[PDB]
There are 4 protein chains.
Amino acid sequence: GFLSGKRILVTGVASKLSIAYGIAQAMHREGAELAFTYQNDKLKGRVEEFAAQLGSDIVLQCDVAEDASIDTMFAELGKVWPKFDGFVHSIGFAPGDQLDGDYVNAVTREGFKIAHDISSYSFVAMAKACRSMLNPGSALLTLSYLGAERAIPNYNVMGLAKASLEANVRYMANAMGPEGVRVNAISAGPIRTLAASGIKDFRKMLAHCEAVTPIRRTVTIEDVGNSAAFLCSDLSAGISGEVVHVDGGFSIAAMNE
Amino acid sequence: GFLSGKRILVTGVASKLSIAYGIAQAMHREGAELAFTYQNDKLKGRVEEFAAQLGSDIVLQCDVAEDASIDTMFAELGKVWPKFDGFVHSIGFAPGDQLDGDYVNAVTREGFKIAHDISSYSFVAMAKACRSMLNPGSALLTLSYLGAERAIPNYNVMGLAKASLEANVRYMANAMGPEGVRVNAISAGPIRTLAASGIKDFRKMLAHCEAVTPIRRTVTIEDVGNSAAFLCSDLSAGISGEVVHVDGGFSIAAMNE
Amino acid sequence: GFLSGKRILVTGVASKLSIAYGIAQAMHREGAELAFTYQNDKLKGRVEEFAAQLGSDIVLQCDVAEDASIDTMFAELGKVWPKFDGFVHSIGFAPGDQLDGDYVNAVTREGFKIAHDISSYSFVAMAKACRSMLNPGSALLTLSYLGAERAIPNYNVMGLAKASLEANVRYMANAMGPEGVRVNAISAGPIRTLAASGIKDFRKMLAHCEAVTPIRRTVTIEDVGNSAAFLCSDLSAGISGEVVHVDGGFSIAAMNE
Amino acid sequence: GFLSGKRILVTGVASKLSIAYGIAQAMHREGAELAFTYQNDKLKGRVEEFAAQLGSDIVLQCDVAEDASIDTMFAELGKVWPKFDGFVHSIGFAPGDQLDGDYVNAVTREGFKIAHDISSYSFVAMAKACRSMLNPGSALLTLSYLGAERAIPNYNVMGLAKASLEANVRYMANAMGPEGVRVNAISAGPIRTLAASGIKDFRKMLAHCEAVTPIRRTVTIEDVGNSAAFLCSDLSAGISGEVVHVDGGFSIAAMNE
Ligand SMILES: NC(=O)c1ccc[n+]([C@@H]2O[C@H](COP(=O)([O-])OP(=O)(O)OC[C@H]3O[C@@H](n4cnc5c(N)ncnc54)[C@H](O)[C@@H]3O)[C@@H](O)[C@H]2O)c1
Ligand SMILES: NC(=O)c1ccc[n+]([C@@H]2O[C@H](COP(=O)([O-])OP(=O)(O)OC[C@H]3O[C@@H](n4cnc5c(N)ncnc54)[C@H](O)[C@@H]3O)[C@@H](O)[C@H]2O)c1
Ligand SMILES: NC(=O)c1ccc[n+]([C@@H]2O[C@H](COP(=O)([O-])OP(=O)(O)OC[C@H]3O[C@@H](n4cnc5c(N)ncnc54)[C@H](O)[C@@H]3O)[C@@H](O)[C@H]2O)c1
Ligand SMILES: NC(=O)c1ccc[n+]([C@@H]2O[C@H](COP(=O)([O-])OP(=O)(O)OC[C@H]3O[C@@H](n4cnc5c(N)ncnc54)[C@H](O)[C@@H]3O)[C@@H](O)[C@H]2O)c1
Ligand SMILES: Cc1ccc(Cn2cnc(-c3cccs3)c2)cc1
Ligand SMILES: Cc1ccc(Cn2cnc(-c3cccs3)c2)cc1
Ligand SMILES: Cc1ccc(Cn2cnc(-c3cccs3)c2)cc1
Ligand SMILES: Cc1ccc(Cn2cnc(-c3cccs3)c2)cc1
């Protein structure tokens, strides 16, 4: 496929509903060789199962909150992939209290710190740690949400973390471009995944979106997966520092009441 | 390839340097069945030659300035493609006097009229005329330039025509989405094509861009072609109403002096 | 006031509800010397009355559809105001048929032509015609709508006209800046004026906005009037080429129910 | 003046060059009653002097890094100003090592942490702490930089901090709007202040901008001061959640040589 010969690292797989799952499948469909990472013991065997379904057996632990974890992960990957062609960063976090209700009243200094560190810093942290191992022609992908551009009720500090993330896409795209590395983001529409629970009135949101979205349907991880496969293939060599909205046109329309 | 089974109409092929040429090749590479249109007698045989190189023999005349031309073209296409899956609109025009020097002093009411009619209206005009012939899952693609978003010296009224074009992408994406049609645009970086002559200090521009562009190189029609192939394939079903910048990151950086 | 000693030309006063009326009141309050134009005889006397109230007896006719009309109006204005400090462009138009329903089915070549000529070009037409009469430190102002940036139902081709006008603002600003002229636009929230009748379900829209606008209320021509007076005074010297949104925050929020 | 009867809290006055100084002068001129804070003792006396000149003797200490510091400062302020009308957040910070060179190599976890806490969170921290002391019709203001939207060399992690801060503005605005509070930011062009020394080749940058900025000159703290005074007065009632660029048009133009 259009990814044949590419060795890509996919983070964030937690379940079959995971966006990183849809991406991994698609990337695997187009012929990329995948490696995976899991956050903790809770997820290890699951990811190991999915990795094996995708012909991969490179499943390493990684908690983006620990510089040492990252470093150690990239050290284990090297042993088998001395050089690779990028990675998908499908990670994100904010303490529970954070995404519920009035942003000003919900936000706290420590939640703000955690939301940013895990959701925005982690991206560069990982690039930082594997810079040397990247082959020219490499692509780094990340996922964001409209909440970075607009104020979405309950999204709260995550909006700020995403804004921070998108800017991180630009600065990393500018600094790494000279050595063959592109860096982009997909601003996906809401999808029903593990992240759904945490957010207030989700199932209600997904119904409103479907009715007001140009394509009249919410996007699927399949959809996202295909756009991610493309963004990590040479087919997109002219795109770098870009936040591609894969939301069925939701963001460009207004008052589709 | 990822376009196999798609019947796409490609407008704008004038020469091997043409952006629509790079797109046609790529689309042909991924297995789409192409049909072409030519503006006048001057271009007919050329396009006919390229069409034949791409296994196509559907070469129809079309001058987007004539509603009747458009209608007649779509009538001839129907005879062979009763239903198709979209079209690439690689057309654009502005009288010579228009793109030279001080915008305020250069712009005139008639140049403004022509620049918009050909560069922005034509897009919807064509969708208008083939709406019925479009298969659900159809994608319409158009090409724009950064001049729509920023003020570029000498680009002058074309900036306004492009702004108009991009907005046209949104409104058409919103109205057609409900019936299976997506509409997008590629905001490409400057490429040396027939359009180069018309613009002041081009070769100088292309050198400045290469030095300040994240990927440190200007994009190629190959680059654009691949992004267009993707935007017209089901791989991008989640993207609609989007202006994807295929400019190597030029637009997201600043003062890369 | 902050406009003391400024002679500003106010276009578009049609009624006491008109955005041009609110802006005139405001600049008048702030100490600017005003001059007004009217489209035709049907509005001659009225505008003459309003001008009177605002202490002005410079009420010149002007139909922006005629370069000749513009040229002659600036001729008459010169007789009294050899040099002035800017003008407010509060004109917009699109044939009735264009504004209701499916954009793709409503939009027609002439409609698109008329929409962009009156709503977008006229702004520069006027700049062209008085460029030499403008004092250093002048400011030109125009009114846009979020329809330029997003796809709003029924706004149809007017969305493209405004997108084109907003880009007109950036080109004009970059062109005239070096000679002491700033050009800006105000993207106003929906207001109840003569534009009310001609747009499908306005009342429903003005109730939705209020509900969802951060300031929980639609803006008033007073509100816009004050941002307008500020954008044409030296208080906004550092601002040019900008589209300041005066919509109570409407556009920055998303899914506020 | 247009700020008569407003009690505004001005943060960040470090020197006569400080953007906070220009803004204070401006609001003072317009008739607002001011209160000031200083980061530490090194700046106690100075700020006390400036405040004096501006007819104010409310000079409270505040280190935005301590929720405790903020809480106590609003305690003291309450004693005299039980209810006030807004505050100017003119604070920014990132450890020296973060700002020079390749962003990817310069950025470090703590740097990123410190950058976002001081430059982005503090804005909301302060809102949180005085939310109940704010009068209806209040306005909060912050200063951003184009670095949030584009990738500027050496701005590095500060680009992400500002991106995060700009999104803070939209969330805060959507949250506090319903209670009579507007929140806006000013994206100012480069100015010569205490931020000058710490950024690589500032002088070269301030000469480039002047050359390429539509108004052909860098903005002054006076310029910003006036946009600031306007954004915190009732003249901007219809404006909230907005990032008004006060950069002489710099960001709207492209390739102006
Ligand atoms: N699904 C949606 O509706 C949606 C929409 C738009 C954007 N997003 C974004 O897509 C990404 C993936 O979300 P999803 O819906 O697939 O979520 P998911 O809940 O399935 O997985 C999130 C991943 O985050 C990982 N993670 C959290 N902390 C980590 C850390 N400390 N170290 C390593 N891994 C860590 C988890 O292991 C998890 O697998 C996020 O950036 C999210 O914001 C999701
Ligand atoms: N090449 C560049 O540097 C560049 C960069 C960005 C955007 N663009 C855009 O890409 C498109 C294609 O440009 P290109 O560089 O490949 O140009 P090109 O000069 O090779 O071809 C332009 C096409 O416009 C067509 N055209 C003009 N008037 C027409 C009409 N009346 N009816 C039918 N066809 C008509 C011509 O036949 C021509 O083939 C345009 O929209 C252009 O703005 C070009
Ligand atoms: N009403 C709103 O909520 C809204 C929202 C955002 C922006 N605006 C814009 O502000 C502007 C002011 O419109 P308005 O709502 O004040 O309504 P209005 O009916 O008062 O003003 C529109 C003006 O354009 C004038 N005009 C039209 N064609 C003319 C021509 N050929 N030459 C000269 N004058 C002509 C009309 O006489 C009229 O005075 C419009 O451009 C509108 O798009 C309106
Ligand atoms: N100088 C420019 O051209 C530029 C451009 C755009 C925006 N801005 C922004 O405007 C703001 C004002 O900066 P400035 O240029 O006026 O320089 P400055 O040196 O006058 O002000 C920065 C202020 O932040 C204060 N500060 C930092 N950490 C503190 C903390 N822990 N708690 C409380 N106060 C602390 C500093 O004392 C100082 O007064 C900054 O946020 C800056 O990013 C500056
Ligand atoms: C608690 C938590 C778990 C997982 C996430 C990931 N996430 C980020 N954004 C989102 C959402 C986008 C749309 C609706 S929820 C989810 C965020 C918070
Ligand atoms: C005269 C003319 C011929 C062809 C075009 C097409 N065109 C549109 N934009 C461009 C350019 C983008 C970058 C540099 S020139 C070319 C425009 C004008
Ligand atoms: C048919 C027509 C005539 C005049 C206008 C002027 N106009 C521009 N924008 C608007 C409106 C925006 C929001 C509500 S009305 C009105 C628009 C359409
Ligand atoms: C190290 C550091 C300390 C303080 C700042 C404050 N700051 C923010 N933005 C700026 C500047 C933008 C343009 C020129 S200086 C300075 C930035 C970096």
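- The name the PDB entry gives chain A is ENOYL-[ACYL-CARRIER-PROTEIN] REDUCTASE [NADH], with Escherichia coli as the organism.
- In its PDB record the entry is named "E. COLI ENOYL REDUCTASE IN COMPLEX WITH NAD AND BRL-12654".
- Per UniProt, the comment on chain A under Function is "Catalyzes the reduction of a carbon-carbon double bond in an enoyl moiety that is covalently linked to an acyl carrier protein (ACP). Involved in the elongation cycle of fatty acid which are used in the lipid metabolism and in the biotin biosynthesis (By similarity)."
- Checking UniProt for chain A, the heading Catalytic activity contains the comment "a 2,3-saturated acyl-[ACP] + NAD(+) = a (2E)-enoyl-[ACP] + NADH + H(+)".

**Here's the deal with the nonpolar core**
Logical step 1: Counting 84 residues, the largest nonpolar core has C:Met27 and D:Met27 as its most contacted members.
Logical step 2: Apart from residues lying up to four places away in sequence, C:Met27 is in contact with C:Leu3, C:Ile8, C:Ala32, C:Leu34, C:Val88, C:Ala228, C:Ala229 and C:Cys232.
Logical step 3: Ranked by size, the runner-up nonpolar core spans 81 residues in total, among them A:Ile186, A:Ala229, B:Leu143 and B:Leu235.

**Comments concerning the packing of helix α5 (residues 109-130) of chain D against helix α6 (residues 157-176) of chain D**
When two helices pack together, their arrangement is given by the angle between their axes and by how far apart the axes lie.
Residue and element names in this part refer to chain D.
Logical step 1: Running from N to C, α5 and α6 point in directions that differ by 20°, and their axes come no closer than 9 Å. Accordingly, the angle class assigned to the pair α5 and α6 is roughly parallel. Here α5 runs over α6; the crossing is right-handed. In this structure, α5 contributes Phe112, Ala115, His116, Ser119, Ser120, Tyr121, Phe123, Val124 and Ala127 to the contact, and α6 contributes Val157, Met158, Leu160, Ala161, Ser164, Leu165, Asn168, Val169, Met172 and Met176.

**Re the state of the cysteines**
Logical step 1: Tallying each qualifying case throughout the model produces zero disulfides over all chains.
Logical step 2: Sulfur of A:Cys130: no disulfide; nearest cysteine sulfur belongs to A:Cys62 and is 10 Å away.

**Regarding the UniProt feature "binding site: substrate" in chain A**
All names here are of chain A.
Logical step 1: Sequence positions flagged by UniProt for "binding site: substrate" are, in local numbering, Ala94.
Logical step 2: In this structure, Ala94 sits in the loop between β4 (84-89) and α4 (103-106).
Logical step 3: With near-sequence residues (within four places) excluded, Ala94 lies in contact with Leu99, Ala115 and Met158.

**A word on helix α2 (residues 44-53) of chain D**
All names here are of chain D.
Logical step 1: Every buried residue of α2 is listed here: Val47, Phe50 and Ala51. The arc that holds the buried residues of α2, viewed along the axis, is 100°, so those residues lie on one side.
Logical step 2: Lining the buried residues of α2 we find α1 (19-29), β2 (33-38) and β3 (59-61).
Logical step 3: One or two steps after α2, the chain reaches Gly55, where phi turns positive at roughly 65°.

**Focus: the interface of chain A and chain D**
Logical step 1: At the interface, 43 residues of chain A touch 42 residues of chain D.
Logical step 2: Interface of chain A and chain D: buried area, both sides summed, is about 3300 Å²; carbon and sulfur atoms make up 58% of it.
Logical step 3: The three residues of chain A that bury the most area against chain D are A:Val104, A:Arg109 and A:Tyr171, which together make up 27% of that side's buried surface.
Logical step 4: For the pair chain A and chain D, the number of links is six salt bridges.
Logical step 5: One salt bridge connects D:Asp102 with A:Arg131, and the closest N-O pair in it is separated by 2.7 Å.
Logical step 6: Taken together, chain A and chain D are joined by 30 residue pairs in polar contact.
Logical step 7: Where the side of chain A that touches chain D is concerned, the elements lending two or more residues are α3 (67-78), α4, α5 (109-130) and α6 (157-176) of chain A.
Logical step 8: Across the side of chain A that touches chain D, the residue classes break down as 22 nonpolar, 10 polar and 11 charged.

**Focus on the interface of chain C and chain D**
Logical step 1: If you look at the interface, chain C gives 34 residues, while chain D gives 34 residues.
Logical step 2: A buried area of about 2600 Å², summed over both sides, lies between chain C and chain D, and 59% of it is on carbon and sulfur atoms.
Logical step 3: On the chain C side of the interface with chain D, the three residues burying the most area are C:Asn174, C:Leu235 and C:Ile252, jointly 21% of the side's total.
Logical step 4: Taken together, chain C and chain D are joined by eight residue pairs in polar contact.
Logical step 5: For the side of chain C that touches chain D, the class distribution of residues is 15 nonpolar, 11 polar and eight charged.

**Focus: the pattern of salt bridges**
Logical step 1: Scanning all chains against the criterion turns up 44 salt bridges over all chains.
Logical step 2: Linking B:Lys6 and B:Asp234 is a salt bridge whose minimum nitrogen-to-oxygen distance equals 3.3 Å. Here B:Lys6 is found in the segment before β1 (7-10), whereas its partner B:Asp234 is found in the loop between α9 (221-231) and β7 (243-246), with 228 residues between them in sequence.
Logical step 3: For B:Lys6, a relative accessible area of 8% translates into the label buried.
Logical step 4: Classification of B:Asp234 by relative accessible area gives partly exposed; the value is 49%.
Logical step 5: With a shortest N-O distance of 3.3 Å, B:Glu76 and B:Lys79 are connected by a salt bridge.
Logical step 6: What you see here is one network of salt bridges that share partners, running through A:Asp67, A:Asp117 and D:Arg109.

**Here's the deal with the site of ligand 4**
Residues and elements named next belong to chain D.
Logical step 1: In the vicinity of ligand 4, 22 residues are found, and the nearest of them are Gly12, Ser18, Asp63, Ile191 and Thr193.
Logical step 2: Between an oxygen atom of ligand 4 and a side-chain N or O atom of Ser18, the distance comes to 2.6 Å.
Logical step 3: Take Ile191: an N or O atom from its main chain is 2.7 Å from an oxygen atom of ligand 4.
Logical step 4: Protein chains bury 89% of the 810 Å² of accessible surface belonging to ligand 4 in isolation.
Logical step 5: Of the residues assigned to the shell around ligand 4, the class counts are 12 nonpolar, eight polar and two charged.

**Some points on the relation of the copies chain A and chain D**
Logical step 1: With an RMSD of 0.2 Å, the operation that places chain A on chain D is a rotation of 180° combined with a shift of 0.1 Å along the axis. What the superposition gives is, in effect, a two-fold axis relating one chain to the other.
Logical step 2: Both copies share a contact surface, since 95% of the interface residues of chain A are interface residues in chain D too.

**Here we look at the site of ligand 2**
Residues and elements named next belong to chain B.
Logical step 1: Every one of the 25 residues lining ligand 2 counts as a neighbour, but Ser18, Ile19, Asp63, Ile191 and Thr193 are closest to it.
Logical step 2: Contacts to ligand 2 include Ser18, whose side-chain N or O atom sits 2.6 Å from an oxygen atom.
Logical step 3: Backbone polar atom of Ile191 to an oxygen atom of ligand 2: 2.7 Å apart, as the coordinates give it.
Logical step 4: Taken by itself ligand 2 offers 830 Å² of open surface, and the protein chains cover 88% of this.
Logical step 5: Among the residues forming the shell around ligand 2, the class breakdown is 15 nonpolar, eight polar and two charged.

**As for the relation of the copies chain C and chain D**
Logical step 1: For the match of chain C to chain D, the screw axis carries a shift of 0.0 Å, the RMSD comes to 0.0 Å, and the turn is 180°.
Logical step 2: When the interface residues of chain C are mapped onto chain D, 100% of them again fall at the interface, so both copies present the same face.

**Overview of the environment of C:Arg170**
Logical step 1: Within the secondary structure, C:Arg170 is located in helix α6 (residues 157-176).
Logical step 2: Look past the residues within four positions of C:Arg170 in its chain and what remains in contact with it is B:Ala148, B:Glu149, B:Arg150, B:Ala151, C:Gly241 and D:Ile252.

**So, the packing of aromatic side chains**
For any pair of aromatic rings, geometry is given as the distance between the ring centres together with the angle between the planes.
Logical step 1: Tallying each qualifying case throughout the model produces 32 aromatic pairs over all chains.
Logical step 2: Clustering of aromatic rings is evident, with ring pairs tying together A:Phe74, A:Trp81 and A:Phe84.

**Description of the sheet that holds strand β6 (residues 181-188) of chain D**
All names here are of chain D.
Logical step 1: Judged by pairing direction, the sheet is parallel, and its seven strands sit side by side in the order β3-β2-β1-β4-β5-β6-β7 without closing on themselves. Each end of this open sheet is capped by a strand with a single partner; those strands are β3 and β7 (243-246). Put simply, the sheet's adjacent strands are angled 20° from each other on average, direction ignored.
Logical step 2: For strand β1 (residues 7-10) and strand β4 (residues 84-89), the ladder comprises two bridges, and the chain directions are parallel. Residue pairing across strands places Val10 opposite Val88, the latter belonging to β4.
Logical step 3: Packing against the sheet, α1 makes contact with β1, β2, β4 and β5 (134-144), and its axis sits at approximately 165° to β2.
Logical step 4: Sheet strands in contact with helix α8 (residues 221-231) are β5, β6 and β7, and its direction is about 165° off that of β6.

**Things to note about empty space enclosed by the protein**
Logical step 1: Taken as a whole, the largest cavity encloses approximately 2200 Å³ of empty space.
Logical step 2: A:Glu149, B:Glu149, B:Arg150, C:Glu149 and D:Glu149 are, among the 48 residues lining the largest cavity, the residues nearest its centre.
Logical step 3: Broken down by secondary-structure element, the contributors of at least two residues to the lining of the largest cavity are α6 and β7 (243-246) of chain A, α6 (157-176) and β7 of chain B, α6 and β7 (243-246) of chain C together with α6 and β7 of chain D.
Logical step 4: Taken together, the residues of the lining of the largest cavity break down into 16 nonpolar, 12 polar and 20 charged.
Logical step 5: Approximately 100 Å³ is the volume attributed to the second largest cavity.
Logical step 6: If you trace the second largest cavity, you find 14 residues lining it, with A:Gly189, A:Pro190, A:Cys209, A:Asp247 and A:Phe250 closest to the centre.
Logical step 7: Counted by class, the lining of the second largest cavity contains eight nonpolar, four polar and two charged residues.

Calculation criteria
Residues numbered from 1 in each chain as written, not as in the entry; some residues may be left out. Chains lettered and ligands numbered in written order. Heavy atoms only, no water. Residues with missing side-chain atoms left out of burial classes, pairs and counts. UniProt positions renumbered as here; feature names shortened; annotations may be inferred. Core = buried A, V, L, I, M, F, W, Y, C linked by side-chain atoms within 4.5 Å. Buried < 20%, exposed > 50% of the residue type's maximum accessible area, 1.4 Å probe, protein only. Contact = heavy atoms within 4.5 Å. Axes fitted to C-alpha atoms, helices over the stretch in contact; angles between N-to-C directions. Helix = DSSP H or I, 4+ residues; strand = E, 2+ residues; numbered from the N terminus. Parallel < 35°, antiparallel > 145°, perpendicular 65-115°, else oblique. Left-handed = near helix turned anticlockwise from the far one by under 90°. Disulfide = S-S within 2.5 Å. Arc of directions from axis to C-beta. Buried area = accessible area lost by both parts, 1.4 Å probe. Salt bridge = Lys/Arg side-chain N within 4 Å of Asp/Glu carboxyl O. Polar contact = N/O pair within 3.5 Å; in protein donor to acceptor, adjacent residues only side chain to side chain. Nonpolar A, V, L, I, M, F, W, Y, C, P; charged D, E, K, R; others polar. Near = heavy atom within 4 Å. Areas by Shrake-Rupley, 256 points an atom, 1.4 Å probe, with all protein chains shown as cover. Least-squares fit on C-alpha atoms. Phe/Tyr/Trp six-rings, centres within 6.5 Å; stacked < 30°, edge-to-face > 60°. Pairing = 2+ DSSP bridges. 1 Å grid on protein atoms, 1.4 Å probe; cavity = no way out; pocket = protein on both sides within 12 Å on 5 of 7 lines; lining within 4 Å. Points joined across faces, edges and corners; volume = space filled by probe spheres on them.

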